[PDB]
Amino acid sequence: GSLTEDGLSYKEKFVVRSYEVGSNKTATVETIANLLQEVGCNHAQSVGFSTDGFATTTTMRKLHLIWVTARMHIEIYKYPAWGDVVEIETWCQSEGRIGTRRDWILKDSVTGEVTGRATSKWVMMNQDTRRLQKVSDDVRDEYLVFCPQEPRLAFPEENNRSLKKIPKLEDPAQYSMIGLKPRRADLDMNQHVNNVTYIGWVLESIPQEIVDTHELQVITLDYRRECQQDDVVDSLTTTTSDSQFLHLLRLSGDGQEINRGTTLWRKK
Amino acid sequence: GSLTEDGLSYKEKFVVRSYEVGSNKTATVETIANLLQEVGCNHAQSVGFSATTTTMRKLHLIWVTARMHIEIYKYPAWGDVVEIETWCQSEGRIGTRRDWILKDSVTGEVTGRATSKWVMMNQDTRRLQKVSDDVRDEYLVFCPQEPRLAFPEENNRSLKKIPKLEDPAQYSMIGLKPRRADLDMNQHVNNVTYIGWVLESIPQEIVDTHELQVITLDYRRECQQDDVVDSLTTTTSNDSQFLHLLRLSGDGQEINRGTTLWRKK
Ligand SMILES: Cc1ccnc(N)c1
Ligand SMILES: Cc1ccnc(N)c1
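Residues numbered from 1 in each chain as written, not as in the entry; some residues may be left out. Chains lettered and ligands numbered in written order. Heavy atoms only, no water.

Judging from the entry metadata, X-ray crystallography is the method by which this structure was determined, and 1.792 Å is the reported resolution.

Take a look at the structure:
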């Protein structure tokens, strides 16, 4: 992987692995999400961000600040097959005092065609109190050095899916998978649950017949609260319809919401 | 990745990913196990498989994992390049073996080694069977004919007998279930998941203060998509040793047994 000529975006190629594919011999949406996270880390390192697991700036380190995921939105047109080379381009943009955004474009390395795109929203939080915060002048300034200054958007369309409001699922859910717990392979280097695990947990409550007869086209997931190592999760799904579902992840005990989202599936 | 000049082994380089590392910023033993499985698949493809032989498909036969043994000296750090060399060998009518050597691409030093035993099974009845003359002949074309062993030693750890853990276990992690990311392309539970499940019952203080040096895992029965597993551990021991057992939560049916040796950091 490498930064592009202008130094305002980063590209990386990945060969799709045997263990990364599903029953149709193409990448799962979790493998895609992992590759998006990997190229994001490679970009942060190339532009001088800290290693240590947290991709923080020097001002963030002095003020005990971290980035927290608020939303992940992915749209896939073609999942790469086992052995294929997928090229991913990523870049960041500041969104005033609200937070920051990381966008991605996925391409077939052989044909050069776009096979997917993703967008993510990140908000500032104090690492110790876990209290949300607005982005300060000094953080916005250090972002201007490695972000395009004109808007560059993976989802440019006005009133598109990536910015849509997601409602809260009403009890009773049509489908469910209860008692989901993270194991050591679900944690990141800082022992926090990896963001991609939440996508897996959301999908667990989709019936296997939908997975066998349909392809996932779009997934939009809101992040509200982190699941701890010792927490237990319930994943709920209701068909809202192409097939569409409304999802909700909550703690098995108190019912505390941790995630909400939607998925759109196309018949094969 | 590519076959070596003689065509009797396969090498591949891997860059260690951010999501693949643990608390000390080095590869987990599950990431290593996944890389071992990946280079194995790339070797099989390069020698004409897809992973059965022509005779195996004709007779509805598949390979089933019987044992996995891994020894690590240095876990590669986040961003490092690890080179893995793999090769196969026939073991008469008993089964076959796949061996691995892990090296630091920069220094060229061996940082780990692994060995795996595979037995023949009919895909439909799930009944074990001996390797036939025709299958052994197929293996001769791409396996070294002189013995090449990752674990050469006559009484080494890789061939040791593993006993069954006695109730009550000292440690446990109950109600472990596979999710879709735990399955392979054929919807069978991935071999590496079992390693993760074994380690779940090791206390977090052991993981925080010790490094895994050796893991030996026997495979006895497959966990199905709808099965629930219990993972049990008892300390058998400056080195720490554990005896492990995976069994179904309902039945108590044994699926795996194994041992791990850990060294203090
Ligand atoms: C947006 C948000 C707020 C708080 N905690 C999170 N994990 C995410
Ligand atoms: C060795 C062995 C025997 C039967 N089933 C397995 N999965 C493994």
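All names here are of chain A. Near ligand 1 the following residues occur: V68, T69, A70, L132, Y223, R224, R225 and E226. Starting from 250 Å² of accessible surface for ligand 1 in isolation, the protein chains cover 82%. Counting residues per element, the shell around ligand 1 draws most heavily on strand β3 (residues 65-76), at three residues. Grouping the constituent residues of the shell around ligand 1 by class yields four nonpolar, one polar and three charged. Composition of the shell around ligand 1 by domain shows at least three residues from each of domain 1 (2-163) and domain 2 (175-267). (Near = heavy atom within 4 Å. Areas by Shrake-Rupley, 256 points an atom, 1.4 Å probe, with all protein chains shown as cover. Helix = DSSP H or I, 4+ residues; strand = E, 2+ residues; numbered from the N terminus. Nonpolar A, V, L, I, M, F, W, Y, C, P; charged D, E, K, R; others polar. Domains from an automatic or database assignment.)

Here we come to the packing of aromatic side chains. The relative placement of two aromatic rings is captured by the distance of their centres and the angle of their planes. Residues and elements named next belong to chain A. Per the stated rule, a full pass over the model turns up twelve aromatic pairs over all chains. On the numbers, 5.7 Å between centres and 65° between planes, the contact of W67 with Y143 is edge-to-face. Highlighted residues: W67 in strand β3 and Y143 in helix α3 (residues 137-144), separated in sequence by 76 residues. What makes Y143 buried here is its relative accessible area of 5%. Here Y198 and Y223 contribute two aromatic rings whose centre-to-centre distance is 5.7 Å and whose plane-to-plane angle is 80°, an arrangement assigned as edge-to-face. Separated by 25 residues along the polypeptide, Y198 in helix α4 (residues 195-203) and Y223 in strand β9 (residues 214-223) bring together distant segments of the chain. Taking the relative accessible area as the measure of exposure, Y198 reaches 2% and is therefore buried. (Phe/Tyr/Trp six-rings, centres within 6.5 Å; stacked < 30°, edge-to-face > 60°. Buried < 20%, exposed > 50% of the residue type's maximum accessible area, 1.4 Å probe, protein only.)

Attention now moves to the domain arrangement of chain A. Residue and element names in this part refer to chain A. Under the domain assignment, chain A is made up of domain 1 (2-163) and domain 2 (175-267). If you look at the interface, domain 1 gives 23 residues, while domain 2 gives 21 residues. With both chains or domains summed, domain 1 and domain 2 bury close to 1900 Å², and 49% of this area falls on carbon and sulfur atoms. If you look at where domain 1 meets domain 2, you find two salt bridges. With a closest N to O distance of 3.1 Å, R71 and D222 form a salt bridge. At the boundary of domain 1 and domain 2, one finds twelve residue pairs in polar contact. Elements supplying a minimum of two residues to the side of domain 1 that touches domain 2: α1 (29-46) and β3. Among the elements that make up the side of domain 1 that touches domain 2, the one with the highest residue count is β3 (nine residues). When its residues are assigned to classes, the side of domain 1 that touches domain 2 shows eleven nonpolar, six polar and six charged. (Contact = heavy atoms within 4.5 Å. Buried area = accessible area lost by both parts, 1.4 Å probe. Salt bridge = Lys/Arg side-chain N within 4 Å of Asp/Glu carboxyl O. Polar contact = N/O pair within 3.5 Å; in protein donor to acceptor, adjacent residues only side chain to side chain.)

With 40 residues of chain B in contact, the opposing surface of chain A contributes 43 residues. Of the roughly 3400 Å² buried between chain B and chain A on both sides combined, carbon and sulfur atoms contribute 43%. Across the contact surface, chain B and chain A share seven salt bridges. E30 of chain B serves as the salt-bridge partner of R183 of chain A, at 2.7 Å between the closest nitrogen and oxygen. Counting across the interface, chain B meets chain A through 19 residue pairs in polar contact. With six residues, the top contributor of residues to the side of chain B that touches chain A is helix α1 (residues 29-46) of chain B. Among the residues making up the side of chain B that touches chain A, the classes are represented as 16 nonpolar, twelve polar and twelve charged.

Okay, the site of ligand 2 next. All names here are of chain B. As a matter of local geometry, ligand 2 sits amid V64, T65, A66, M121, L128, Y219, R220, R221 and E222. Note that a nitrogen atom of ligand 2 is positioned 3.2 Å from one of the backbone N or O atoms of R220. In isolation ligand 2 has 250 Å² of accessible area, and contact with the protein removes 80% of it. No other element matches strand β3 (residues 61-72), which puts three residues into the shell around ligand 2. For the shell around ligand 2, the residue count by class is five nonpolar, one polar and three charged. Formed jointly, the shell around ligand 2 draws a minimum of three residues from each of two domains, domain 1 (2-159) and domain 2 (171-264).

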